[PDB]
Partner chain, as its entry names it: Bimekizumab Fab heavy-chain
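Encoded as structure tokens, the following chain is the form deposited without the partner chain, with no partner shown.
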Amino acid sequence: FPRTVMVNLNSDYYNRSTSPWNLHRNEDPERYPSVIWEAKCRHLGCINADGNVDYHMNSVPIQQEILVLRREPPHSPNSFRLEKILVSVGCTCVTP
């Protein structure tokens, strides 16, 4: 039972963080936006003043739920359904 609306479509913190992360290309041709950049923490611990991984702290991913569009029917260029996905944005350092 669809609820159809019309839609018109028209910093190196990752390296300097004490919980640094890498950026993964999440690419899905069935989704708009097709490309989402997601974070993966580099280490389990956090970097200390000497540049070493200190495992008494935890690098953890900062996540959120966001809105994307999913092609429906599949491969449709002009019709979609709303979709909620969980994504990792960056990482932070937490006390255990």
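Residue numbers count along the first chain shown, from 1.
Scan the PDB entry between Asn10 and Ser11 and report the missing deposited residues as one of none, 1 to 3, 4 to 9, 10 or more.
Missing residues, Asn10 to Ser11: 10 or more.
Read off the CA B-factors in the entry, average them over 44-52 and over 60-68, and name the higher stretch.
Mean CA B-factor is higher for 44-52.
Position of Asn15 among the chain's modelled residues by C-alpha B-factor, lowest, middle or highest third
According to the entry, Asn15 has a C-alpha B-factor in the chain's highest third.
Place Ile85 in the lowest, middle or highest third of its chain's C-alpha B-factors, as listed in the PDB entry.
Lowest third.
Rank-wise, by C-alpha B-factor, drop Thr4 into the lowest, middle or highest third of its chain.
Middle third of the chain for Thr4's C-alpha B-factor.
There is also a form solved in complex with the partner chain; it is not shown, and the following applies to it.
Can you name the residues of 56-76 that have a heavy atom within 4.5 Å of the partner chain in the deposited bound form?
Heavy-atom contacts to the partner chain in the deposited bound form: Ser59, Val60, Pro61, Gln63.
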